[PDB]
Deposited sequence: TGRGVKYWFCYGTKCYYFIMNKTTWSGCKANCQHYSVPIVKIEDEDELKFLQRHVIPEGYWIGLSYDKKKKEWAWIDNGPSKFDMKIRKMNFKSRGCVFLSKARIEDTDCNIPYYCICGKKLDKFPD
């Protein structure tokens, strides 16, 4: 199951194939669309409100060449840090292992129509 949907000026790809975080990139990158990047409250909530009650990955992960966390691509929204990767739920986002099987949410930005 891999439907897509658009809200505001962005479209999303909700892969429903519970794999380790590094699974989105793989899919998403393959589906030529970056893994999601929750850019604002308006959005963040949209995904939860939209999304089906479950563990959803997002582009936020931990880097070593940086003590911080970041989206594959750099945002108007912010951060407790440790390590791992973050999942998005209908309740809130939150971290943990990237090797834990989950669902994706890629998302491309729109520039036209």
Against the full deposited sequence, which stretches does the structure leave out? 1-4, 79-81, 87-91, 126-127
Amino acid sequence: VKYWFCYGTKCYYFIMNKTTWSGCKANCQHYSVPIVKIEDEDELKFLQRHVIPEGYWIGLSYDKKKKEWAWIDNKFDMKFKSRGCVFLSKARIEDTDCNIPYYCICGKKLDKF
From here on, numbers count along this sequence of modelled residues.
Which is higher on mean Cα B factor in this entry, 34-42 or 84-92? 84-92
Quick one: higher average CA temperature factor, 61-69 or 23-31? 61-69
